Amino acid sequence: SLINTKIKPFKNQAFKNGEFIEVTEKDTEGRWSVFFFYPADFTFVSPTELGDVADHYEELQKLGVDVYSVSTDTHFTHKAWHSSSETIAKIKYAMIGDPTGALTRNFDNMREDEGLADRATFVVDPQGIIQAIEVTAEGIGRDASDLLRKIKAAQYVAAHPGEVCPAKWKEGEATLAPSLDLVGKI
């Protein structure tokens, strides 16, 4: 898998809050990032997923997490989608266009027979290492609240070497401190 591997350099145009910009791996350095891939603009499941992420974007930014949604459509298409759909209109993060498919292939996420990216999400830490991955079938929407829980645990372990987050962990709950004595006792 790509788990625990460094993301690859990339260069893409994106639509973000009314303007076109260029995004590269340099923009991710030193930051937590979420690469949110979806099949295509103007579809059915994708907007509700992108809307869901938008509903948690202020919390993600406060956590120092940037979000980049990615599809194989052009940034021009994203711009138009943003103007015509009310749920896409609330998006204030960068919507990356990946028409050559290089960003999508970098994440091993292209459905070759369709020219579209699969429904996948990648959490990337400040050193660019992928810490959590989620991929679902075409007809199955993702859940932003699950993404957030995983991000908080990833941030928690980064700040607490020697500790690990048990299943279901949430801020305030007990963690584990790996030791030779704890081996077999849990």
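So that there is no doubt, residue numbering starts at 1 and follows the sequence shown.
Averaged over Cα atoms, the B-factor as recorded in the entry is higher for 83 to 91 than for the other of 83 to 91 and 69 to 77.
In this entry, 155 to 163 has the higher mean Cα B-factor, the comparison being between 57 to 65 and 155 to 163. Placement of the Cα temperature factor of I7 within the chain: middle third of the modelled residues, per the deposited record. Among all modelled residues in its chain, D146 ranks in the highest third by Cα B-factor. Placement of the Cα temperature factor of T136 within the chain: middle third of the modelled residues, per the deposited record. Among the modelled residues of its chain, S33 has a C-alpha B-factor that falls in the lowest third, as given in the PDB entry.
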